Amino acid sequence: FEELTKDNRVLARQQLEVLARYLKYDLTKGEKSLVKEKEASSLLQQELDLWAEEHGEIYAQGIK
C-alpha cells in the first residue's frame, strides 16, 4: 500500500526541481546560509565561555 503513495510524491518532487531550474530559484538557500550562521554564532559562544571562565558569574553581572 505504501508503494503507490510514494511514486506520485517522487514525480511531484521531481517536477518541483525542474520548475525551480527554470525560475533560477534554488530551494535550500536558507538552509545553506543558516549553517553559515551557526558557525559565526559558534565563535561568539567560544569567546563568551572564555570571559565567563576567567571571571565568574558574580563578576559578569557586577560589571554591568
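Judging from the entry metadata, cryo-EM is the method by which this structure was determined, and 3.1 Å is the reported resolution.

Labelled according to the PDB entry, the protein chain appears under the name Fatty acid synthase subunit alpha, originating from Komagataella phaffii. The record for the entry shows the title "Cryo-EM structure of fatty acid synthase (FAS) from Pichia pastoris".

Observations regarding the pattern of salt bridges
In total, this model carries 1 salt bridge according to the counting rule given. Across the pair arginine 13 and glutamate 17 runs a salt bridge whose closest N-O atoms are separated by 3.9 Å. Placement of the pair is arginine 13 and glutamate 17 together in helix α1 (residues 6–23), with a separation of 4 residues, close to one helical turn.

Quick look at a nonpolar patch on the surface
There is a patch of nonpolar side chains on the surface, built from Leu16, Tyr22, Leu23, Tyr25 and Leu27 and spanning about 600 Å² of accessible area. Here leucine 23 is to be found in helix α1. Classification of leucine 23 as exposed rests on a relative accessible area of 56%.

Notes on unusual backbone geometry
Its identity as a non-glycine residue notwithstanding, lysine 24 has a phi of 55 degrees, on the positive side. Within the fold, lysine 24 resides in the loop between α1 and α2 (29–34). Accessibility expressed as a relative area gives 77% for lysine 24, which makes it exposed.

What counts and what doesn't
- Residues numbered from 1 in each chain as written, not as in the entry; some residues may be left out.
- Part of a larger assembly, values for the part shown.
- Heavy atoms only, no water.
- Salt bridge = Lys/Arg side-chain N within 4 Å of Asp/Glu carboxyl O.
- Helix = DSSP H or I, 4+ residues; strand = E, 2+ residues; numbered from the N terminus.
- Patch = residues over 30% accessible without salt bridge, like charges linked within 9 Å, V, L, I, M, F, W, Y side chains within 5 Å.
- Areas by Shrake-Rupley, 256 points an atom, 1.4 Å probe, with all protein chains shown as cover.
- Buried < 20%, exposed > 50% of the residue type's maximum accessible area, 1.4 Å probe, protein only.

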